[PDB]
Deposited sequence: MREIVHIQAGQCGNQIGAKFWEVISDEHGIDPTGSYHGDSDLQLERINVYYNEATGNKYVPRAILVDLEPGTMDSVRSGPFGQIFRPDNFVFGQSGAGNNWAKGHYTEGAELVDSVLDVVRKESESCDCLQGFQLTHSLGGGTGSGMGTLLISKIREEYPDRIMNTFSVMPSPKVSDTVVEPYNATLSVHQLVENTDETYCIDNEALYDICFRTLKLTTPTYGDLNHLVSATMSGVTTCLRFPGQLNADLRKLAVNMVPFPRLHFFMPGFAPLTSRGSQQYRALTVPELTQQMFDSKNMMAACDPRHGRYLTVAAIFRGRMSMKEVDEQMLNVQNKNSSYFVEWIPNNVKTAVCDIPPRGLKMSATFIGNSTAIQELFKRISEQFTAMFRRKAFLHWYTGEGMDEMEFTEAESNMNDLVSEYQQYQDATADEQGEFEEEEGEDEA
């Protein structure tokens, strides 16, 4: 289990993807030309996980139906680090239409993308699997991203499929077709991914506005929270360790039921562009969650907590046992020892102390119900269905997508009310 192949699709996928590469490159001492200029041996030990050694080159494929995003990424600080042949771009975008992404424009580009994936996978010694960054609210990332997921799963069934999926909110974009796009996508994520990090624009906006007191949050403000989260949740894959060291061991510890693989990430401290008990309480606080759900409204099936920086392990162990013993009623009693803790010595950029939380909580049903209520409000009035049905799609796909997401909500509620007895 060594190489991960990263795919970034659509505007959001590429923007959060570019930030992910900038952040982990600085952590691993890789400069914008691929040269290593760090001063720690731990930085290079597991560099093969995300980088090909040419000089280090990201094992990243950049996809979009809109060419403008090629230039945007290339113009960025680490833009020239990516392999030029790994940029697979179309001419006519998807216009926020899932059907254009999944069936028409996206279907025409998908084979050129799979050719590049194949080339990157055949060069891997022991391919762990795939990491996809995308939004669910648009057309490319959602429609073409889920098409790519389906085609990769059929060609690489033995590999782990992991996504960083950004959920739409009226607070950030407010284009009323986003609930359709997102519902049609969750349908695909439930069946074809092993693990999904739910990055909710509702939560990112609320953190920026209410906690960080940013009057008008930008995508840069939201993406600062996303990049800190992506760095945090991939620490165990990128540095030596014994807990959740690869995608499969992470899945086996975090996923008790195959469809309930949507994680609520959290991070402390929250900052705009700290002791061990503070890190521990903030990590578990609703205000620090990247999914707009209150964990105290459900129960934790499983949890992974990653602490970063120089700190007392006996203090981390005491504070972690304290939260479970104090708040016993929020962790399912029928999954014994369901909270696992890691500590990485290397801290993130600009901080001495940090903590990342990955929860598989039944409270994530609040996110799915919010999307479902918006989907249903729109679908009941059949608003703009023609835009989808005229792009190689059927109306029954809407009813099946609605039904699959409400069954997902029902499954979470089943385990929230379950008792050991």
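Give me the ranges of the deposited sequence that have no CA atoms here, in sequence order.
Sequence ranges with no C-alpha atoms are 55 to 57, 277 to 283, 432 to 445.
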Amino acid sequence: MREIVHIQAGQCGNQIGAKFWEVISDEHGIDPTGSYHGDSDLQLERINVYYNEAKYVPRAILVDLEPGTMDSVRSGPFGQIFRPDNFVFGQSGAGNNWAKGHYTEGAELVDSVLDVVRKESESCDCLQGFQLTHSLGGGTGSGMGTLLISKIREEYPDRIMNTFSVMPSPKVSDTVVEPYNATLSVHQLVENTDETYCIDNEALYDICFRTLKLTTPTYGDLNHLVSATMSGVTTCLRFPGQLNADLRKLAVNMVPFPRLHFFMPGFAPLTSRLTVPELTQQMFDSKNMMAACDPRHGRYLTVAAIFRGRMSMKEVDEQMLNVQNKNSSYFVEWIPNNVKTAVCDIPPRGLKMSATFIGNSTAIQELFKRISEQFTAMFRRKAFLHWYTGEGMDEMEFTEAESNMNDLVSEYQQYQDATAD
From here on, numbers count along this sequence of modelled residues.
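We call the rigid core whatever largest set of C-alpha positions still superposes within 1.5 Å between the two forms.
Using RMS Cα distance over all structures and residues, flag whichever of 301 to 309 and 166 to 174 lies farther from this form in 7 other deposited structures of this protein after a core fit.
Once the core is superposed, the stretch further away in 7 other deposited structures of this protein is 166 to 174.
State which stretch is farther from the displayed form on average in 7 other deposited structures of this protein, 319 to 327 or 235 to 243, counting RMS CA distance after fitting on the rigid core.
After superposing on the rigid core, the more displaced stretch in 7 other deposited structures of this protein is 235 to 243.
Mean Cα B factor from the PDB record: higher for 334 to 342, or higher for 319 to 327?
According to the entry, 319 to 327 carries the higher average C-alpha B-factor.
Mean CA temperature factor from the deposited coordinates, higher in 32 to 40 or in 353 to 361?
According to the entry, 32 to 40 carries the higher average C-alpha B-factor.
Largest Cα B-factor, entry values, listed residues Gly220, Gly93, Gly137, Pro295:
That would be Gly93.
Per the PDB entry, maximal CA B factor within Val190, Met313, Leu250, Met230:
Within the set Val190, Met313, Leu250, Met230, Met313 shows the top C-alpha B-factor.
Name the third of the chain's ranked CA B-factors that contains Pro240, choosing lowest, middle or highest.
Answer is highest: the recorded C-alpha B-factor places it there.
Which third, lowest, middle or highest, does the CA B-factor of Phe87 fall in along this chain?
CA B-factor rank for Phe87: middle third.
For the chain shown, is the CA B-factor of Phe368 in the lowest, middle or highest third of its modelled residues?
Its C-alpha B-factor, which the entry lists for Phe368, ranks in the lowest third among residues of this chain.
Divide the modelled residues of the chain into thirds by Cα B-factor and specify which third, lowest, middle or highest, holds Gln8.
It belongs to the lowest third of the chain when residues are ordered by C-alpha B-factor.
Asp115 - Cα temperature factor, lowest/middle/highest third of chain
It belongs to the middle third of the chain when residues are ordered by C-alpha B-factor.
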